[PDB]
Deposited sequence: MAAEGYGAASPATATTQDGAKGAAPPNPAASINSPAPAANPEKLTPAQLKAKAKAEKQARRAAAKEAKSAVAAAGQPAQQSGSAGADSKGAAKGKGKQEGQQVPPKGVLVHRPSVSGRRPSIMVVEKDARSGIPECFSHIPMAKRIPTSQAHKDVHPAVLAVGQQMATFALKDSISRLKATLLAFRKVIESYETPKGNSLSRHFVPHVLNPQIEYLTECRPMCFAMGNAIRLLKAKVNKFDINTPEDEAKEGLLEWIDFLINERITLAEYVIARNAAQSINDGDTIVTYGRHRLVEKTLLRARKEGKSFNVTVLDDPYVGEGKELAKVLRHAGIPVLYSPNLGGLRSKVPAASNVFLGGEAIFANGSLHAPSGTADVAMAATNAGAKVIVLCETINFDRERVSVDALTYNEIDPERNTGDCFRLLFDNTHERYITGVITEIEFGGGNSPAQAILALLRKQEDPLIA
């Protein structure tokens, strides 16, 4: 019948990437592209998705020309921005960063009035997009990496899970500061990105221990270890929405007595939503939809297991 069918009852409510049924509506080519790389899972980080989406929307905006009868505030969101929204959302379920950025964007759009020049509206929006990318994403990434890196000291053993852009840049920075330390890289054997991160670290000159899975976890997360974890978003109640397996590492470290540090940009902070379990907000693997073989992309890490959170906000 349908792919949705055959999903176990407990997990019926959870969304899954149905991809594209591709057929193109009056969507922008950049949005189309970004959307089908979301369908391909070429971009699975919420930040990469956010940034690609922002550039796509940027090119949507600067090509947009107001009809003579219409006003930009009145016409653009309903007939232009929204089609892009639903095409993307139906390529793959939106992560929080995109949702938040979208709500902010439309917040800035409805401040606009009928008596506004279109040009002024357009590069108001454009200089907002540029500011968002520059200070919420790029500069934020830099600062988070630096500040987290000064936390690391010589002789430390750092533990990380999978490959995270913030974590990867933090460790690289720490090594470039002349610091000498050990990195233990844990991986999802179903994803396997950690190996590449591990290889990159070796090139960097940082000795590292690679583990394809979470077996023998107690062994490689001693109390002395510092575990640096990244995610897709942080909920209002303080819990970390992260790639599956994260909460396991976080707890293991926490009840080992090891410090748990989460690296995250403020964009990913969701002040509206609270999650107390992994089932409330999760996404199903398109290949592992079936009952015979089943997998969830994300898990929830309670604040119990988080020692601290490092963000772009320095003061």
Counting from 1 along the deposited sequence, what's missing? 1-126, 148-149, 444-466
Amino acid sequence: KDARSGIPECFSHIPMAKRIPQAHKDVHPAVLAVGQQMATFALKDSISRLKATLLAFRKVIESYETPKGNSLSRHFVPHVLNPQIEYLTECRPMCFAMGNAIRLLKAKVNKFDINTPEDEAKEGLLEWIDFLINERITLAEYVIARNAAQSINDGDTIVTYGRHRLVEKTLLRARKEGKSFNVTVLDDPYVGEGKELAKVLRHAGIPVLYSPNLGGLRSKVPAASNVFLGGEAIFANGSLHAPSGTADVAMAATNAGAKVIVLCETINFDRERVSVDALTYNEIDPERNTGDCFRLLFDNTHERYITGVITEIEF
From here on, numbers count along this sequence of modelled residues.
Taking the recorded C-alpha temperature factors, which stretch has the higher mean, 130-138 or 234-242? 130-138
So which stretch wins on mean C-alpha B-factor, 71-79 or 175-183? 71-79
Deposited CA B-factor, highest of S211, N110, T160, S219: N110
Please pick out which of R103, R165, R202, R146 has the largest Cα B-factor as recorded in the entry. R202
Lowest, middle or highest third of the chain for the C-alpha temperature factor of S12? middle
Using the temperature factors of the C-alpha atoms in this entry, rank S46 within its chain: lowest, middle or highest third. middle
What third of its chain, lowest, middle or highest, does the C-alpha temperature factor of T254 fall into? lowest
Chain-relative C-alpha B factor for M94 (record values, thirds): the middle
Ranked against its chain, the third holding the CA B-factor of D270: middle
